[PDB]
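A.B. asks: Provided herewith is a single structure, encoded as structure tokens, for subsequent inquiry.
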Amino acid sequence: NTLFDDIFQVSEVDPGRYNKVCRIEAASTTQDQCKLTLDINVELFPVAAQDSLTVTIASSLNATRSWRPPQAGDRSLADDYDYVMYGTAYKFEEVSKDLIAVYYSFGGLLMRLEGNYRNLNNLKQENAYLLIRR
Amino acid sequence: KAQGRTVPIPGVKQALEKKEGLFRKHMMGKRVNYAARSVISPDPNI
Amino acid sequence: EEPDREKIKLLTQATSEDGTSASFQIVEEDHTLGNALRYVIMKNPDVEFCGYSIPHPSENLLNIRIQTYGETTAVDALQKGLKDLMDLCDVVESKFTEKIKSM
Amino acid sequence: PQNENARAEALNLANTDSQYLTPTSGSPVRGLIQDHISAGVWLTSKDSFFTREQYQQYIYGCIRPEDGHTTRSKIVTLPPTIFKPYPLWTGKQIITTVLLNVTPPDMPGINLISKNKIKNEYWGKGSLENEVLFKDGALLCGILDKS
């Protein structure tokens, strides 16, 4: 099942001497205090400034032994989104009263989400899928 | 400790202290069997 | 007639009990067959893991590891790989002969 | 050496592996020297991505179970960091997989927070690529230098 879901507005797309990766600076359209910093493979999923991205954090896809390449007739949560990444949560930081910022790593491709209400759902799990639409 | 003869022949004291000495050249250090020498070449596959 | 046993050998020190996974050692071979064979073995939907490794350039050896999922042994995956590479070469040889005439 | 007592000594006391640290300062005197350092800065870079075929090749290329390099008798592989559109593995994931197959299964993964010789400024804006991070035997942040 899902742990986080929101639509973000892109404010920056920086390569930073990288030919395939970009550091995305985003802000939530629903929540005011919510902020995002995420590294994406721009070669596969290109992101432009002033774009609407539906970023979603899930635990799995609706006990698995190992990952297998796609084979005819396989259904996944990934079929609804365009770009999907698998990573782990490594740091839980608290910024002033009520605000909490989580740190994720999708194999070097880092993410930093800042919020407040997600303290219950978002937990340091060695398995967290990140799915993006549009 | 002997009179000058018109380099003299070395005595037994001289034999034990020829250069570094019998103790240094043939006891503390020795030429060995089952050993080889060669120029080293680099290898990242070993 | 006598079949040579030195060419292909199964490294039992690495072979799985099933055996779904095995390491094969081929003499007088390198990247030429190696990279071409692992490419074809990897197209098999049952092959989980496959790669090739040359232990050292001075020694004439080629190692190819085939890890599969169930219902297929590593030996079968290798036999399919060789059978498909032969057919692949026939396709290349057929298309080249046709284009020579097409000129 | 021509006897087992002299063999045992050359294999357990004067052997190379037991000489990782010099007794002068207790610091290492063993490590990779030139191409390997330049290769690591490129392989562990964010820009370095690899397909299933490429990834598995790099694993077996350096880890051979037949030569007793493995600790699990089967090459274990991590899932890709990119699932959709194309399945892709990061460069840092190869370093995680090499440790996952050479370190004992009975013991937990390594936890280390180190630093790099290359400052974050070189890798662009807001990068943390100087901070070398290992969590449960997984390279999650930072490239690997001579350091």
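Quick note on naming: the chains in the structure tokens go A, B, ... in the order shown, residues restart at 1 in each chain, and ligands are numbered from 1 in order of appearance.
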Define the interface residues of chain B facing chain C as those within 12 Å, counting only C-alpha atoms, and report them as an mmCIF file with N, CA, C and O atoms, in the first residue's frame.
C.D. replies:
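Result file result11.cif:
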data_model
loop_
_atom_site.group_PDB
_atom_site.id
_atom_site.type_symbol
_atom_site.label_atom_id
_atom_site.label_comp_id
_atom_site.auth_asym_id
_atom_site.auth_seq_id
_atom_site.Cartn_x
_atom_site.Cartn_y
_atom_site.Cartn_z
ATOM 1 N N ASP B 43 50.391 -6.916 -12.592
ATOM 2 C CA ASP B 43 49.311 -7.828 -12.966
ATOM 3 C C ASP B 43 48.049 -7.606 -12.107
ATOM 4 O O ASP B 43 48.057 -7.948 -10.921
ATOM 5 N N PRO B 44 46.935 -7.097 -12.685
ATOM 6 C CA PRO B 44 45.725 -6.893 -11.873
ATOM 7 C C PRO B 44 44.778 -8.099 -11.876
ATOM 8 O O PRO B 44 43.749 -8.068 -11.191
ATOM 9 N N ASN B 45 45.121 -9.155 -12.632
ATOM 10 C CA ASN B 45 44.273 -10.336 -12.769
ATOM 11 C C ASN B 45 44.612 -11.434 -11.759
ATOM 12 O O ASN B 45 43.845 -12.393 -11.633
ATOM 13 N N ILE B 46 45.723 -11.287 -11.015
ATOM 14 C CA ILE B 46 46.083 -12.229 -9.949
ATOM 15 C C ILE B 46 45.584 -11.647 -8.619
ATOM 16 O O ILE B 46 45.341 -10.442 -8.533
#
A.B. asks: Please report, as JSON, numbers by chain, each residue of segment 13-110 of chain D to which DSSP assigns alpha helix (DSSP H) when run on this structure's backbone.
C.D. replies: {"D": [35, 36, 37, 38, 39, 40, 41, 42, 43, 52, 53, 54, 55, 56, 57, 58, 59, 60, 61, 62, 91, 92, 93, 94, 95, 96, 97, 98, 99, 100, 101, 102]}
A.B. asks: Let me see the file: selected residues, N, CA and C atoms, as a JSON list (two decimals), in the first residue's frame.
C.D. replies:
[["chain", "number", "residue", "atom", "x", "y", "z"],
["D", 35, "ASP", "N", 44.86, 3.47, -12.01],
["D", 35, "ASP", "CA", 43.71, 3.26, -12.90],
["D", 35, "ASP", "C", 42.45, 2.99, -12.11],
["D", 36, "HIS", "N", 42.58, 2.16, -11.06],
["D", 36, "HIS", "CA", 41.51, 1.73, -10.17],
["D", 36, "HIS", "C", 40.88, 2.88, -9.41],
["D", 37, "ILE", "N", 41.69, 3.89, -9.03],
["D", 37, "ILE", "CA", 41.21, 5.07, -8.31],
["D", 37, "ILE", "C", 40.41, 5.95, -9.28],
["D", 38, "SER", "N", 40.93, 6.16, -10.51],
["D", 38, "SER", "CA", 40.27, 6.94, -11.55],
["D", 38, "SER", "C", 39.01, 6.24, -12.05],
["D", 39, "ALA", "N", 39.03, 4.90, -12.06],
["D", 39, "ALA", "CA", 37.90, 4.07, -12.46],
["D", 39, "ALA", "C", 36.75, 4.18, -11.46],
["D", 40, "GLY", "N", 37.10, 4.19, -10.17],
["D", 40, "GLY", "CA", 36.14, 4.27, -9.07],
["D", 40, "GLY", "C", 35.37, 5.57, -9.00],
["D", 41, "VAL", "N", 36.04, 6.70, -9.28],
["D", 41, "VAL", "CA", 35.45, 8.04, -9.31],
["D", 41, "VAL", "C", 34.40, 8.09, -10.44],
["D", 42, "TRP", "N", 34.66, 7.38, -11.55],
["D", 42, "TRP", "CA", 33.73, 7.32, -12.67],
["D", 42, "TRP", "C", 32.61, 6.31, -12.43],
["D", 43, "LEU", "N", 32.94, 5.08, -11.99],
["D", 43, "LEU", "CA", 31.96, 4.02, -11.75],
["D", 43, "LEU", "C", 30.96, 4.39, -10.65],
["D", 52, "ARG", "N", 20.65, -4.55, -16.93],
["D", 52, "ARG", "CA", 20.71, -5.88, -16.29],
["D", 52, "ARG", "C", 21.90, -6.69, -16.81],
["D", 53, "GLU", "N", 22.07, -6.73, -18.14],
["D", 53, "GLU", "CA", 23.15, -7.41, -18.87],
["D", 53, "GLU", "C", 24.53, -6.86, -18.46],
["D", 54, "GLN", "N", 24.69, -5.51, -18.45],
["D", 54, "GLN", "CA", 25.91, -4.81, -18.07],
["D", 54, "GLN", "C", 26.26, -5.05, -16.59],
["D", 55, "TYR", "N", 25.26, -4.86, -15.69],
["D", 55, "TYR", "CA", 25.35, -4.98, -14.23],
["D", 55, "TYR", "C", 25.83, -6.36, -13.80],
["D", 56, "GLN", "N", 25.16, -7.43, -14.28],
["D", 56, "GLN", "CA", 25.50, -8.82, -13.97],
["D", 56, "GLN", "C", 26.89, -9.19, -14.48],
["D", 57, "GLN", "N", 27.29, -8.62, -15.64],
["D", 57, "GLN", "CA", 28.60, -8.84, -16.23],
["D", 57, "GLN", "C", 29.69, -8.30, -15.30],
["D", 58, "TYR", "N", 29.52, -7.06, -14.79],
["D", 58, "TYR", "CA", 30.49, -6.43, -13.89],
["D", 58, "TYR", "C", 30.65, -7.22, -12.60],
["D", 59, "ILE", "N", 29.56, -7.88, -12.14],
["D", 59, "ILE", "CA", 29.53, -8.69, -10.92],
["D", 59, "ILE", "C", 30.38, -9.95, -11.11],
["D", 60, "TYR", "N", 30.06, -10.77, -12.14],
["D", 60, "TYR", "CA", 30.78, -12.02, -12.40],
["D", 60, "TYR", "C", 32.21, -11.77, -12.89],
["D", 61, "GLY", "N", 32.43, -10.62, -13.52],
["D", 61, "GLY", "CA", 33.74, -10.20, -14.00],
["D", 61, "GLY", "C", 34.77, -10.12, -12.90],
["D", 62, "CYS", "N", 34.35, -9.71, -11.68],
["D", 62, "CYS", "CA", 35.26, -9.59, -10.53],
["D", 62, "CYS", "C", 34.99, -10.66, -9.46],
["D", 91, "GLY", "N", 25.82, 2.81, -10.44],
["D", 91, "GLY", "CA", 27.20, 2.40, -10.28],
["D", 91, "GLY", "C", 27.52, 1.98, -8.85],
["D", 92, "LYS", "N", 26.98, 2.73, -7.87],
["D", 92, "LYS", "CA", 27.14, 2.48, -6.43],
["D", 92, "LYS", "C", 26.56, 1.12, -6.03],
["D", 93, "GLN", "N", 25.53, 0.64, -6.75],
["D", 93, "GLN", "CA", 24.88, -0.66, -6.51],
["D", 93, "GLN", "C", 25.82, -1.82, -6.80],
["D", 94, "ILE", "N", 26.77, -1.65, -7.73],
["D", 94, "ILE", "CA", 27.77, -2.67, -8.05],
["D", 94, "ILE", "C", 28.66, -2.86, -6.80],
["D", 95, "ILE", "N", 29.07, -1.74, -6.15],
["D", 95, "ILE", "CA", 29.89, -1.74, -4.93],
["D", 95, "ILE", "C", 29.11, -2.41, -3.79],
["D", 96, "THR", "N", 27.77, -2.21, -3.73],
["D", 96, "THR", "CA", 26.94, -2.84, -2.71],
["D", 96, "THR", "C", 26.89, -4.35, -2.96],
["D", 97, "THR", "N", 26.69, -4.77, -4.23],
["D", 97, "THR", "CA", 26.61, -6.17, -4.62],
["D", 97, "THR", "C", 27.94, -6.89, -4.39],
["D", 98, "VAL", "N", 29.10, -6.22, -4.63],
["D", 98, "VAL", "CA", 30.39, -6.88, -4.42],
["D", 98, "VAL", "C", 30.57, -7.22, -2.93],
["D", 99, "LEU", "N", 30.20, -6.29, -2.03],
["D", 99, "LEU", "CA", 30.29, -6.51, -0.58],
["D", 99, "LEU", "C", 29.31, -7.59, -0.12],
["D", 100, "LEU", "N", 28.09, -7.59, -0.70],
["D", 100, "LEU", "CA", 27.02, -8.53, -0.39],
["D", 100, "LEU", "C", 27.41, -9.98, -0.72],
["D", 101, "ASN", "N", 28.36, -10.18, -1.65],
["D", 101, "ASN", "CA", 28.80, -11.51, -2.03],
["D", 101, "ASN", "C", 30.16, -11.89, -1.43],
["D", 102, "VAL", "N", 30.95, -10.93, -0.90],
["D", 102, "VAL", "CA", 32.26, -11.25, -0.32],
["D", 102, "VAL", "C", 32.24, -11.24, 1.23]]
A.B. asks: In Å to one decimal, how far is atom CA of residue 132 of chain D from atom CA of residue 146 of chain D?
C.D. replies: 12.5 Å
A.B. asks: Find the residues near segment 114-120 of chain D: any atom within 10 Å, counting only C-alpha atoms, skip ones fewer than 6 places away on the same chain, and give them as a PyMOL selection string.
C.D. replies: chain D and resi 41+126-134+141-147
A.B. asks: When the cut-off is 9 Å and we count only C-alpha atoms, which residues of chain A are near chain D, given as a PDB file with C-alpha atoms, in the first residue's frame?
C.D. replies:
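Contents of selection.pdb, freshly written:
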ATOM      1  CA  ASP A  14      20.030  21.547 -12.337  1.00  0.00           C
ATOM      2  CA  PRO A  15      22.409  19.084 -14.119  1.00  0.00           C
ATOM      3  CA  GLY A  16      25.505  20.126 -12.094  1.00  0.00           C
ATOM      4  CA  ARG A  17      28.224  18.711 -14.428  1.00  0.00           C
ATOM      5  CA  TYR A  18      26.059  15.548 -14.961  1.00  0.00           C
ATOM      6  CA  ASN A  19      24.925  14.515 -18.476  1.00  0.00           C
ATOM      7  CA  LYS A  20      22.053  12.200 -17.351  1.00  0.00           C
ATOM      8  CA  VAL A  21      21.042  13.218 -13.743  1.00  0.00           C
ATOM      9  CA  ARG A  23      18.560  17.858  -8.976  1.00  0.00           C
ATOM     10  CA  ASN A  41      17.604  10.247 -14.538  1.00  0.00           C
ATOM     11  CA  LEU A  44      14.787   8.500 -19.370  1.00  0.00           C
ATOM     12  CA  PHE A  45      12.257  10.844 -17.666  1.00  0.00           C
ATOM     13  CA  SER A  66      13.525 -11.377  -5.561  1.00  0.00           C
ATOM     14  CA  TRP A  67      13.022  -8.983  -8.563  1.00  0.00           C
ATOM     15  CA  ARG A  68      12.255 -10.584 -11.947  1.00  0.00           C
ATOM     16  CA  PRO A  69      12.243  -8.889 -15.426  1.00  0.00           C
ATOM     17  CA  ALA A  78       4.087   1.020 -11.508  1.00  0.00           C
ATOM     18  CA  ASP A  79       1.669   0.596 -14.504  1.00  0.00           C
ATOM     19  CA  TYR A  81       3.013   6.053 -13.216  1.00  0.00           C
ATOM     20  CA  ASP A  82       5.759   6.890 -15.801  1.00  0.00           C
ATOM     21  CA  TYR A  83       9.071   6.806 -13.802  1.00  0.00           C
ATOM     22  CA  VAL A  84       9.551   4.405 -10.824  1.00  0.00           C
ATOM     23  CA  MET A  85      12.610   4.157  -8.482  1.00  0.00           C
ATOM     24  CA  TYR A  86      13.416   1.747  -5.620  1.00  0.00           C
ATOM     25  CA  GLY A  87      15.408   3.022  -2.635  1.00  0.00           C
ATOM     26  CA  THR A  88      15.926   3.175   1.155  1.00  0.00           C
ATOM     27  CA  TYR A  90      18.583   6.472   5.858  1.00  0.00           C
ATOM     28  CA  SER A 105      18.578   7.238  -1.283  1.00  0.00           C
ATOM     29  CA  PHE A 106      17.783   5.549  -4.625  1.00  0.00           C
ATOM     30  CA  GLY A 107      21.363   4.280  -5.100  1.00  0.00           C
ATOM     31  CA  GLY A 108      23.163   7.616  -4.870  1.00  0.00           C
ATOM     32  CA  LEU A 109      20.118   9.463  -6.302  1.00  0.00           C
ATOM     33  CA  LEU A 110      19.121  11.343  -3.106  1.00  0.00           C
ATOM     34  CA  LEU A 131       6.607   6.627  -8.420  1.00  0.00           C
TER      35      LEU A 131
END
A.B. asks: Grab the atom CA of residue 6 of chain A to atom CA of residue 33 of chain A distance for me, in Å with one decimal place.
C.D. replies: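 Going from atom CA of residue 6 of chain A over to atom CA of residue 33 of chain A covers 13.0 Å.
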A.B. asks: Distance limit 7 Å, atoms considered: only C-alpha atoms. Which chain C residues sit that close to chain D? Return them as a list in words.
C.D. replies: residues 11, 13, 14, 23, 49, 50, 51, 52 and 53 of chain C
A.B. asks: Compare A:116, A:76, A:71, A:62 by their minimum atom-to-atom distance to chain C, counting only C-alpha atoms, and give me the closest one.
C.D. replies: A:71
